[PDB]
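Chains as they are written, first to last, in PDB author numbering: chain A, 11 to 739; chain A', 11 to 739. A prime marks a further copy of an entry chain. Cβ atoms here follow ideal geometry from the backbone N, Cα and C, with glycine treated the same way. Take a look at the structure below.
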Ligand SMILES: OC[C@H]1O[C@H](O)[C@H](O)[C@@H](O)[C@@H]1O
Ligand SMILES: OC[C@H]1O[C@H](O)[C@H](O)[C@@H](O)[C@@H]1O
């Protein structure tokens with residue numbers, strides 16, 4: 011109320027020093043109701059100043075001057091100067107105009123996208139301000155669409171400068187926090203647009219077990235329902251709510267079998283053709299909606315209609331949930347048209363997410379992005395990406411940049427959805443990224459040739475995919491703790507580099523590089539390997555400090571930008587001196603919570619990690635070479651400790667503390683072994699290999715080893731040898 | 011009043027046989043006030059005819075039929091047929107529609123343009139008509155913005171056919187003539203976006219003197235004011251009105267020192283962030299504008315506001331003008347937004363140009379183009395061109411085409427502003443064009459690497475730049491006389507070829523070729539030299555008549571299109587038989603008016619030149635080999651005469667006449683010397699050089715010399731040798 015100012019037909023609410031709501035009302039009434047985007051305008055009071063005259067008003071905070079000259083909002087009447095110097099003359103917002111500096115957000119979908127597509131703006135800007143227009147409908151108390159806002163213009167001016175994390179936290183306070191995911195969502199999902207039988211699906215699930223690949227989720231795509239069995243007078247088989255009985259003669263029994271294998275089960279739902287007269291639930295729906303059954307009147311999709319939504323959840327989904335379906339894959343691609351003006355995809359995500367909470371605690375959906383605030387309905391489903399290096403090269407940037415509009419749970423089809431071209435190396439690189447993405451869901455097109463099964467590929471590719479898929483389940487504790495941090499504290503699992511390093515120009519120059527939780531920095535390789543090196547590469551920016559390759563221990567002295575090379579089976583993931591990462595020791599075990607945690611410690615500095623769980627909190631501290639583990643509640647959990655290289659403690663129960671000062675701090679990784687391996691795999695001349703090995707062995711001074719490699723005629727081989735010299739310096 | 015016709019809600023004013031004002035008024039009131047564009051609708055009466063019926067009206071002049079069918083102006087209701095056959099079916103104007111043939115005009119700026127950008131239409135068309143919409147606000151008697159015209163549509167139909175010069179003269183009568191420039195504007199300007207001190211700036215000015223480079227103007231860019239010293243709470247240091255005291259501890263003394271060196275002084279003004287609380291004039295401005303100083307209320311830029319404009323001119327510029335600032339570089343790039351709907355750049359140019367007349371007679375500004383009529387506020391400042399061959403290749407066309415909307419004083423950054431790439435040959439070619447452009451202002455970016463100082467470059471490039479910079483000061487008499495002709499007679503200094511040769515197709519095919527005053531035709535080279543020839547080239551159209559290279563005397567028989575080759579140190583500039591060009595003999599002397607004029611005469615025909623000056627008129631006549639000089643008033647001025655090659659008279663005082671009939675008419679230039687030089691510099695085989703020299707020396711018949719060069723395997727060498735044979739024919 012002191013944070014509220016009316017002037018002419020406008021209303022201004024100073025929510026934080028850095029966040030102002032700006033409204034216009036012809037009627038003099040302004041909007042207090044929630045909207046599709048905004049769930050909460052309750053914020054603690056803040057200091058600001060006002061200069062009010064007859065004709066004009068200026069609102070002044072620590073970061074912004076907002077001016078209003080009266081009348082209708084125009085670029086001339088409503089504008090703001092930030093109190094920052096990030097630019098020479100892009101420090102002014104004008105109503106209705108775009109400025110430079112927006113770091114972007116996300117978009118609905120990657121359907122049919124081969125590589126890059128345009129993104130919407132987010133709330134983050136290098137120049138320190140962004141405007142988020144609220145164009146949505148108002149809600150009722152219980153979250154039904156109520157109609158048009160009486161605030162016919164309703165904007166949020168963000169003026170956080172480059173405090174991106176606080177901008178995002180306050181956005182979550184305005185639009186509501188992301189809910190907690192359930193632990194099962196963070197495991198591997200299996201999916202394929204393939205007409206499995208109950209028998210061939212269970213045989214595939216048992217082959218995953220036999221192949222030592224853990225799964226959390228069993229997706230059944232659209233061939234679960236009638237497709238070619240649909241008479242053409244009704245249109246296509248794309249939408250379906252009736253089991254194909256040939257393939258699934260006893261659905262509940264099939265779902266019981268997946269449940270006995272400790273899998274959660276989801277079905278594809280294409281809702282757009284509604285419930286037509288051939289469907290199994292049609293007689294019930296027709297009775298509830300008073301349809302003309304002798305004229306075979308369809309229950310057309312209509313999520314604006316309360317009776318339709320009830321029949322959809324109770325009489326269409328209800329019978330399938332009773333057969334054991336755990337959650338819904340909402341797969342909408344049929345446009346944004348409704349008589350209400352609300353995007354049907356928005357109505358589906360909002361209502362289905364709420365309905366999912368009835369059957370299961372912290373339940374999810376799987377659906378496309380439905381605009382600002384739709385993070386309240388995880389998980390994101392990016393859809394029909396084209397299978398290409400260009401698509402993979404876009405995806406890490408896409409994923410990290412989405413955190414800028416608070417949409418932090420994108421599930422991409424890992425390996426790409428459709429079209430494009432076969433390349434087992436592309437499939438393996440894509441799975442490496444997926445394992446270090448918010449969700450790891452293997453999925454593919456209707457092709458006989460696009461299965462993401464590891465054993466589709468040669469023995470090298472298969473073993474590497476199996477190792478990465480196991481690593482995903484090892485990461486579930488770290489992922490689930492970051493998930494609770496997203497839900498409780500408004501911090502993204504995947505952050506662009508500029509969230510941690512806002513003032514470092516290099517944090518804006520590595521689009522595909524990101525922080526993954528608080529302990530790991532990932533630089534996926536998204537380019538086909540150089541056949542002369544038998545290695546792929548990516549330019550990595552190393553922030554100030556000592557960094558270790560998470561897998562090898564190879565060290566890097568920051569701050570530096572350095573091209574790094576990896577075999578197709580290895581991924582650039584880095585941890586700082588002092589990093590502590592927990593890993594499940596038993597990733598193949600079907601355990602609700604890990605019976606055994608490996609604490610992986612990176613030497614050379616202090617650190618700590620807080621492991622949040624369903625029913626506990628465990629703190630791991632590393633302070634002057636003393637490692638301590640405590641928990642809120644006690645348990646039988648057995649702790650394993652790995653300090654750099656060496657397993658120090660194995661399966662020790664309860665709370666404890668152990669001194670690692672005089673333990674071996676150094677990893678195995680050495681310049682000589684790594685040099686030999688890189689030269690050995692290279693498809694270069696044996697004379698060159700022999701000369702490089704002899705000269706780098708005989709030349710003692712680091713500066714002369716570098717001078718030697720600088721004479722090499724292969725420019726990319728120079729860069730690979732320079733990486734090793736830089737790490738071995 | 012007889013030249014005025016009302017019909018339905020329309021008003022038509024026949025201003026010339028070739029110019030009709032077309033107005034629409036809902037209210038039946040039509041607009042008599044001046045607008046931002048139009049200063050004068052007083053024109054002498056002309057004959058025309060009217061066919062008026064109940065429903066329709068036709069106005070008939072010597073060149074156009076204008077029809078109006080009544081009602082609202084639409085493409086169907088308002089249209090015109092020209093009485094010309096320049097096209098088969100583009101001879102009709104339709105209201106609101108574009109036709110072919112417009113020869114274009116100019117645009118606001120070359121900021122961030124690498125090469126070509128789109129231009130606005132001008133008033134010139136190959137098909138003989140153009141419409142100039144007046145969309146501006148009305149003015150008061152004294153030239154303040156009065157608001158919206160009551161003529162809610164106000165157009166000028168030009169139907170001059172290809173009498174382009176008369177179209178432009180009548181446009182100047184409608185919109186007001188260009189003012190006279192002061193003589194100092196036509197000299198060399200020094201500018202660099204560089205943080206000079208008072209000491210390093212004067213040392214640079216004294217280095218120009220020592221290097222024999224004359225300057226008229228000393229520009230001080232934005233580092234004159236506080237930049238990094240501005241607290242970030244106020245935004246950037248881009249706008250500033252406070253001297254940086256480290257660099258300029260005594261500003262008035264520094265400006266007195268430039269004034270003692272006979273330089274005019276301008277400062278960069280970035281007006282867009284107005285006068286903020288840290289500035290030195292802020293306490294005065296705050297008092298005048300009743301600002302809240304304890305809340306550090308900014309005097310935001312507002313040129314719609316009379317009190318703001320007064321405080322800006324009196325309390326912000328005023329104290330700097332008293333320190334000695336001669337005129338203002340208005341450097342606006344922050345958009346076209348104002349509550350009035352008037353472009354802030356327009357308000358700045360109109361008001362600053364008027365305010366500049368208080369301190370100095372015929373004073374100037376330096377600012378971007380602000381639309382039709384803004385020629386009333388010279389000089390044009392094109393801004394942040396990209397440093398490239400593509401940008402230089404665009405600039406002569408840009409400059410000549412601007413005359414088509416009467417904007418004849420463009421000042422380009424000579425050598426290009428920013429980004430792009432280093433090439434000393436590009437810098438030298440750019441300076442050659444600049445010397446033959448309306449204004450010769452050297453300027454460059456904030457780079458340590460972009461200085462336009464001649465001694466930045468090697469000895470060859472340096473000497474050539476020094477020779478061109480001296481030539482600019484030799485040209486000041488010719489430039490200042492053309493300036494008075496622009497102001498008094500509405501003729502551009504720089505004309506496209508089609509102004510003189512409207513019916514010659516070739517005058518439309520040499521975009522970069524132009525007339526420079528009445529005596530010189532310029533074809534700048536704007537392409538990197540061919541390294542095999544060690545020469546650059548340009549295709550020149552030579553109109554009917556005998557033409558001489560202005561520098562060498564090399565002759566050309568028109569009419570012909572011919573590729574001409576020059577070393578990087580030489581520029582294609584041509585004069586007709588009979589041409590008389592005055593040159594200052596003492597370009598390095600700091601003389602208000604030249605004490606000594608060289609009259610350079612090209613033989614083979616009669617001619618004359620009228621030298622207009624501040625306080626005199628001198629006529630030079632060349633009639634059957636008799637050269638006479640007379641003046642309105644007498645003086646001590648000493649005249650030197652150069653007839654072709656030879657200095658005939660040296661430093662002869664007062665009026666006189668001398669017979670040159672039996673003086674040597676022929677220049678030195680000869681085929682043999684020129685051939686030897688071209689072969690000698692070429693990076694071709696010595697066997698080829700030897701064979702070409704021997705064959706062209708031994709073959710006597712011109713047609714067989716041409717047949718010989720036609721067999722040469724080097725196509726561009728053929729063209730170079732053909733130029734020499736054509737000149738030596
Ligand atoms: O259900 C069949 C297919 O439908 C749509 O194209 C989905 O976006 C895709 O994920 C799915 O495999
Ligand atoms: O004042 C610094 C710079 O500002 C703008 O970019 C001007 O257009 C340029 O001419 C100047 O050097």
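Closer than 7 Å, CB to CB, is residue i near chain A' or not?
i	result
residue 575 of chain A	no
residue 173 of chain A	no
residue 104 of chain A	yes
residue 61 of chain A	yes
residue 86 of chain A	yes
residue 93 of chain A	yes
residue 493 of chain A	no
residue 98 of chain A	yes
residue 57 of chain A	no
residue 1 of chain A	The structure shown has nothing for residue 1 of chain A, since chain A only spans 11 to 739.
residue 101 of chain A	yes
Skipping 5 residues on each side, what residues in its chain have a beta carbon closer than 6 Å to that of residue i?
i	result
residue 716 of chain A'	735
residue 87 of chain A'	79 and 81
residue 105 of chain A'	83, 85 and 88
Among the candidates the options, whose CA atom is the shortest distance from the CA of residue i?
i	options	result
residue 379 of chain A	A:406, A:350 and A:421	A:421
residue 43 of chain A	A:186, A:148 and A:535	A:148
residue 111 of chain A'	A':131, A':525, A':404 and A':334	A':131
residue 183 of chain A'	A':244, A':294 and A':386	A':386
residue 352 of chain A	A:157, A:552, A:631 and A:127	A:157
residue 494 of chain A'	A':195, A':290 and A':597	A':195
residue 51 of chain A'	A':62, A':32 and A':61	A':32
residue 365 of chain A	A:333, A:248, A:602 and A:322	A:322
Do residue j and residue i count as a contact pair if the criterion is CB distance below 7 Å?
i	j	result
residue 377 of chain A'	residue 340 of chain A'	yes
residue 284 of chain A	residue 310 of chain A	yes
residue 501 of chain A	residue 407 of chain A	no
residue 394 of chain A	residue 121 of chain A	yes
residue 730 of chain A'	residue 565 of chain A'	no
Within the 7 Å Cβ cut-off, does residue i reach chain A?
i	result
residue 319 of chain A'	no
residue 307 of chain A'	yes
residue 429 of chain A'	no
residue 302 of chain A'	yes
residue 562 of chain A'	no
residue 118 of chain A'	no
Less than 7 Å between C-beta atoms, sequence neighbours within five positions excluded: which residues of the same chain meet that for residue i?
i	result
residue 24 of chain A	13, 30, 56, 58, 69 and 71
Cutting at 8 Å between CB atoms, please list the residues of its own chain near residue i, excluding the five before and the five after it.
i	result
residue 117 of chain A	127, 128, 129, 130 and 379
Go through the region 337-411 of chain A' residue by residue and report every complete run of the alpha helix (DSSP H) that reaches 4 residues or more, in order.
-> 354-369 and 399-411
Can you list, in chain order, the stretches of the alpha helix (DSSP H) that have 4 or more residues and sit fully within the region 241-284 of chain A? 261-270
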